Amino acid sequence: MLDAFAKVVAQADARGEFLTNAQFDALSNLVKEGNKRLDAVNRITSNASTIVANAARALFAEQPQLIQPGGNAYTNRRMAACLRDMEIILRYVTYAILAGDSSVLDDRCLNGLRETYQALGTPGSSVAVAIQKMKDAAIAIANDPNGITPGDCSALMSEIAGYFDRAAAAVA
(Lines of atoms letter the chains of each structure in order from A and count residues from 1; the text may use other names and numbers.)
(Lines give C-alpha, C1' and ligand atoms only; values in the text may rest on other atoms or scores of the structure.)
Protein backbone atom coordinates (compact mmCIF):
# COMPACT_ATOMS: atom_id res chain seq x y z
CA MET A 1 0.00 0.00 0.00
CA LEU A 2 0.99 3.65 -0.42
CA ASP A 3 0.46 6.79 1.62
CA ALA A 4 0.37 10.24 0.00
CA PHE A 5 4.12 10.61 0.43
CA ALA A 6 5.11 7.27 -0.98
CA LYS A 7 2.61 7.93 -3.78
CA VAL A 8 4.63 10.93 -4.89
CA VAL A 9 7.92 9.08 -4.51
CA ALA A 10 6.58 6.23 -6.63
CA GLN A 11 5.55 8.62 -9.41
CA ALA A 12 8.92 10.33 -9.25
CA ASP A 13 10.89 7.10 -9.39
CA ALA A 14 8.95 5.98 -12.47
CA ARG A 15 10.37 9.10 -14.08
CA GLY A 16 13.81 8.73 -12.52
CA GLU A 17 13.54 12.16 -11.04
CA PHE A 18 14.30 14.11 -7.97
CA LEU A 19 11.37 15.91 -6.43
CA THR A 20 10.59 19.33 -7.70
CA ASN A 21 10.27 22.37 -5.52
CA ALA A 22 6.51 22.29 -6.20
CA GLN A 23 6.24 18.72 -4.88
CA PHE A 24 8.17 19.47 -1.70
CA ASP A 25 5.81 22.40 -1.12
CA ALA A 26 2.75 20.25 -1.69
CA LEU A 27 4.00 17.60 0.67
CA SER A 28 4.92 20.21 3.28
CA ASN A 29 1.27 21.44 3.18
CA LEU A 30 0.17 17.86 3.81
CA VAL A 31 2.37 17.78 6.88
CA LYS A 32 1.11 21.18 8.00
CA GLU A 33 -2.46 19.88 7.76
CA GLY A 34 -1.59 16.73 9.70
CA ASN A 35 -3.27 17.50 13.01
CA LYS A 36 -6.62 17.89 11.29
CA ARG A 37 -6.21 14.52 9.63
CA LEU A 38 -5.41 12.96 13.03
CA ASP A 39 -8.54 14.55 14.50
CA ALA A 40 -10.73 13.21 11.73
CA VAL A 41 -9.33 9.71 12.12
CA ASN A 42 -9.64 9.84 15.94
CA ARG A 43 -13.21 11.16 15.80
CA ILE A 44 -14.53 8.72 13.24
CA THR A 45 -12.75 5.82 14.90
CA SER A 46 -13.88 6.82 18.39
CA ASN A 47 -17.49 6.70 17.18
CA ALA A 48 -17.22 3.66 14.90
CA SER A 49 -19.85 1.60 16.69
CA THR A 50 -22.62 4.19 16.56
CA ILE A 51 -21.86 5.18 12.99
CA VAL A 52 -22.34 1.58 11.96
CA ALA A 53 -25.29 0.75 14.20
CA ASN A 54 -27.12 3.96 13.34
CA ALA A 55 -26.49 3.39 9.62
CA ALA A 56 -27.69 -0.22 9.81
CA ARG A 57 -30.85 0.80 11.62
CA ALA A 58 -31.48 3.49 8.97
CA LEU A 59 -30.89 1.04 6.13
CA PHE A 60 -33.31 -1.59 7.44
CA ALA A 61 -35.91 1.06 8.18
CA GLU A 62 -35.74 2.27 4.56
CA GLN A 63 -35.42 -1.22 3.04
CA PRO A 64 -37.37 -3.60 5.29
CA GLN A 65 -37.22 -6.30 2.58
CA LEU A 66 -33.57 -6.91 3.62
CA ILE A 67 -34.70 -8.21 7.00
CA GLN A 68 -37.95 -9.91 5.97
CA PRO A 69 -37.54 -13.69 5.94
CA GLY A 70 -35.78 -14.66 2.73
CA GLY A 71 -34.10 -11.22 2.86
CA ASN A 72 -30.37 -10.89 2.39
CA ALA A 73 -29.91 -9.51 5.98
CA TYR A 74 -32.40 -11.95 7.54
CA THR A 75 -31.12 -14.47 10.14
CA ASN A 76 -28.47 -13.37 12.68
CA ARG A 77 -25.64 -14.85 10.61
CA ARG A 78 -26.55 -12.70 7.65
CA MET A 79 -27.22 -9.69 9.85
CA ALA A 80 -23.83 -10.21 11.59
CA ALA A 81 -22.00 -10.45 8.28
CA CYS A 82 -23.74 -7.30 6.98
CA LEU A 83 -22.81 -5.27 10.08
CA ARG A 84 -19.35 -6.73 9.72
CA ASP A 85 -19.02 -5.53 6.13
CA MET A 86 -20.11 -2.04 7.26
CA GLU A 87 -17.43 -2.26 9.94
CA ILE A 88 -14.83 -3.40 7.43
CA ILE A 89 -15.58 -0.63 4.95
CA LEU A 90 -15.54 2.07 7.60
CA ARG A 91 -12.23 0.60 8.84
CA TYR A 92 -10.49 0.76 5.46
CA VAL A 93 -11.96 4.17 4.78
CA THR A 94 -10.32 5.40 8.01
CA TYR A 95 -6.97 3.77 6.97
CA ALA A 96 -7.32 5.69 3.71
CA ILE A 97 -7.92 8.92 5.62
CA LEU A 98 -4.79 8.35 7.65
CA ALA A 99 -2.71 7.53 4.58
CA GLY A 100 -4.10 10.36 2.44
CA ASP A 101 -4.36 7.81 -0.35
CA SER A 102 -6.96 5.14 -1.28
CA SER A 103 -4.58 2.39 -2.27
CA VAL A 104 -5.21 0.50 1.00
CA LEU A 105 -8.97 0.90 0.47
CA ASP A 106 -8.83 -0.10 -3.19
CA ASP A 107 -6.33 -2.93 -2.74
CA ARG A 108 -7.55 -4.53 0.47
CA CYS A 109 -11.25 -3.76 0.62
CA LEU A 110 -12.74 -2.59 -2.62
CA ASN A 111 -11.25 -5.00 -5.18
CA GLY A 112 -13.34 -8.07 -5.87
CA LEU A 113 -16.04 -6.69 -3.66
CA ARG A 114 -18.70 -6.11 -6.34
CA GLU A 115 -18.09 -9.57 -7.76
CA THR A 116 -18.34 -11.00 -4.27
CA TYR A 117 -21.72 -9.43 -3.56
CA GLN A 118 -22.93 -10.40 -7.04
CA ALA A 119 -22.04 -14.03 -6.32
CA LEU A 120 -23.78 -14.05 -2.86
CA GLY A 121 -26.99 -12.37 -3.96
CA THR A 122 -26.23 -9.32 -1.78
CA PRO A 123 -27.66 -6.22 -3.37
CA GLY A 124 -24.77 -3.84 -3.93
CA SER A 125 -27.11 -0.88 -4.29
CA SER A 126 -28.11 -1.46 -0.66
CA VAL A 127 -24.53 -1.63 0.43
CA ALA A 128 -23.92 1.67 -1.31
CA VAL A 129 -26.78 3.18 0.63
CA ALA A 130 -25.30 1.99 3.94
CA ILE A 131 -21.93 3.40 2.99
CA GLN A 132 -23.52 6.77 2.23
CA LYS A 133 -25.27 6.80 5.55
CA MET A 134 -21.98 6.11 7.34
CA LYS A 135 -20.41 8.84 5.24
CA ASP A 136 -22.88 11.48 6.34
CA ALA A 137 -22.49 10.44 9.93
CA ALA A 138 -18.69 10.13 9.78
CA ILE A 139 -18.37 13.59 8.32
CA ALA A 140 -20.78 15.23 10.85
CA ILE A 141 -18.74 13.72 13.68
CA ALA A 142 -15.39 14.55 12.10
CA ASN A 143 -16.35 18.13 11.26
CA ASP A 144 -18.10 18.97 14.56
CA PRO A 145 -16.87 22.44 15.72
CA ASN A 146 -17.34 21.59 19.37
CA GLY A 147 -14.39 20.61 21.56
CA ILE A 148 -11.63 21.32 19.06
CA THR A 149 -9.39 24.22 18.06
CA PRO A 150 -11.34 26.24 15.45
CA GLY A 151 -10.16 26.11 11.84
CA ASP A 152 -11.30 25.01 8.40
CA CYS A 153 -11.21 21.30 7.56
CA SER A 154 -13.33 21.57 4.41
CA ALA A 155 -10.64 20.25 2.07
CA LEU A 156 -10.21 17.24 4.34
CA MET A 157 -13.93 16.58 4.55
CA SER A 158 -13.99 16.65 0.77
CA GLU A 159 -11.21 14.10 0.66
CA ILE A 160 -12.94 11.92 3.29
CA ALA A 161 -16.21 12.12 1.41
CA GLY A 162 -14.29 10.99 -1.67
CA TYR A 163 -13.14 7.73 -0.03
CA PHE A 164 -16.74 6.98 1.04
CA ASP A 165 -18.12 7.83 -2.44
CA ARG A 166 -15.39 5.66 -3.95
CA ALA A 167 -16.39 2.77 -1.76
CA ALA A 168 -20.03 3.23 -2.60
CA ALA A 169 -19.25 3.34 -6.32
CA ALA A 170 -17.22 0.16 -6.06
CA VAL A 171 -20.22 -1.87 -4.89
CA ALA A 172 -23.20 -0.09 -6.51
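For the two forms, the rigid core is made up of the largest set of C-alpha atoms that agree within 1.5 Å on superposition. Residue indices: 1-based, along the sequence shown.
Fit on the core, then compare CA atoms: does 101 to 109 or 22 to 30 lie farther from this form in 9 other deposited structures of this protein? It is 22 to 30 whose C-alphas lie farther from the shown form in 9 other deposited structures of this protein.
Just give me the stretch that moves more in 9 other deposited structures of this protein: 159 to 167 or 8 to 16, judged by RMS C-alpha distance after a core fit. Farther from the shown form on average in 9 other deposited structures of this protein: 8 to 16.
Read off the CA B-factors in the entry, average them over 48 to 56 and over 119 to 127, and name the higher stretch. Per the PDB entry, the higher value belongs to 119 to 127.
Comparing against every modelled residue in the chain, figure out the third that the C-alpha B-factor of residue 43 lands in (lowest, middle or highest). Lowest third.
Which third of the chain does residue 140 land in by C-alpha B-factor: lowest, middle or highest? Lowest third - that is where residue 140 ends up once the chain's C-alpha B-factors are sorted.
If you rank the chain by CA B-factor, which third does residue 68 end up in: lowest, middle or highest? For residue 68, the deposited C-alpha B-factor lands in the lowest third.
Lowest, middle or highest third: which one holds residue 27 when the chain's residues are ordered by CA B-factor from the entry? As the PDB entry reports it, the C-alpha B-factor of residue 27 lands in the highest third of its chain.
Taking the entry's C-alpha B-factors for this chain, is residue 9 in the lowest, middle or highest third? Ranked within chain, residue 9 CA B lands in the lowest tercile.
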